[PDB]
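J.: My questions will all concern the structure given below.
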Amino acid sequence: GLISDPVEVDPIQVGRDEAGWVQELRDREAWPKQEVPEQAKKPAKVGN
Amino acid sequence: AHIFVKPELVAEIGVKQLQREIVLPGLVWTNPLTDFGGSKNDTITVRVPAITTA
């Protein structure tokens, strides 16, 4: 593209989201307390 | 975009599976009887003495 073009999607960010190890948390200011997100309770991987 | 070849790094930070402390083996009568060889059926018979009534 061009230098003046808007910033494109980083492949590192795509892979980071694919791995799914970015911490998601319950909304602190929500009432009643939210249920735990899916990633917050995903098991540890059997290998790597 | 720019593509970079990076290694996947594996670390040890002291996070292990939490696992129980062992206390029972010292609190139980261990090995009052040993000679299980030299007894038939690997059995030692313990004798409880007799008490009578008047």
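Readers should treat all values here as calculations from the given coordinates under stated rules, not as data from a laboratory. Here Cβ is always computed from backbone atoms with ideal geometry, including for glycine, and neighbour counts include all displayed protein chains.
Yes or no, residue by residue, for (1) outside any helix (DSSP H, G or I); (2) touching a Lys or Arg at 6+ places or on another chain (Cβ under 6 Å); (3) within 26 Å of B:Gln17 (Cα to Cα):
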site: A:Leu2; (1), (2), (3): yes, no, no
site: A:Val9; (1), (2), (3): yes, no, no
site: A:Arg16; (1), (2), (3): no, no, yes
site: A:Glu24; (1), (2), (3): yes, no, yes
site: A:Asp27; (1), (2), (3): yes, no, no
site: A:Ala30; (1), (2), (3): yes, no, no
site: A:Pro37; (1), (2), (3): yes, no, yes
site: A:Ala44; (1), (2), (3): yes, no, yes
site: A:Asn48; (1), (2), (3): yes, no, yes
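J.: Report yes if B:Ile44 is surrounded by 10 or more Cβ atoms within 10 Å (Cβ to Cβ) and assigned to a loop (DSSP other than H, G, I, E, B), otherwise no.
T.: Answer is yes for this residue.
J.: Scanning for something within 14 Å of chain A (Cβ to nearest Cβ), hydrophobic (A, V, I, L, M, F, W, C) and under 30 Å from A:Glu8 (Cβ atoms), does region B:12-27 turn up at least one residue?
T.: No - not one qualifying residue is present in region B:12-27.
J.: Right, something else. Would you be able to tell me the number of residues in region A:1-47 that are within 13 Å of chain B (Cβ to nearest Cβ), aliphatic (A, V, I, L, M) and over 16 Å from B:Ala1 (Cα atoms)?
T.: 2
J.: Right, B:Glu8: of a type outside the set (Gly, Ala, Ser) and away from every other protein chain (no Cβ under 14 Å) or not? Let's see the steps before the verdict.
T.: Details: of a type outside the set (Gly, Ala, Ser): yes; away from every other protein chain (no Cβ under 14 Å): no.
So B:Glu8 does not fit the description; no.
J.: Please specify each residue of region B:1-41 satisfying the condition of being surrounded by 10 or more Cβ atoms within 10 Å (Cβ to Cβ) and polar (S, T, N, Q).
T.: Of everything in region B:1-41, just one residue is surrounded by 10 or more Cβ atoms within 10 Å (Cβ to Cβ) and polar (S, T, N, Q), namely B:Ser39.
J.: Now, a different point. Kindly establish whether B:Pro49 is within 30 Å of the chain's Cα centre (by Cα) and surrounded by fewer than 10 Cβ atoms within 10 Å (Cβ to Cβ). I'd like the intermediate steps shown before the answer.
T.: Numbers: within 30 Å of the chain's Cα centre (by Cα): no; surrounded by fewer than 10 Cβ atoms within 10 Å (Cβ to Cβ): yes.
No: the conditions fail for B:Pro49.
J.: Looking at B:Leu9, is it under 20 Å from A:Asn48 (Cα atoms) and not β-branched (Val, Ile, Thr)?
T.: Criteria met by B:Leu9.
J.: Continuing with the same structure: Hey, can you tell me all the residues within chain A that are within 17 Å of the chain's Cα centre (by Cα) and β-branched (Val, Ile, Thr)?
T.: A:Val9, A:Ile12, A:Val14, A:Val22, A:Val36, listed by residue number.
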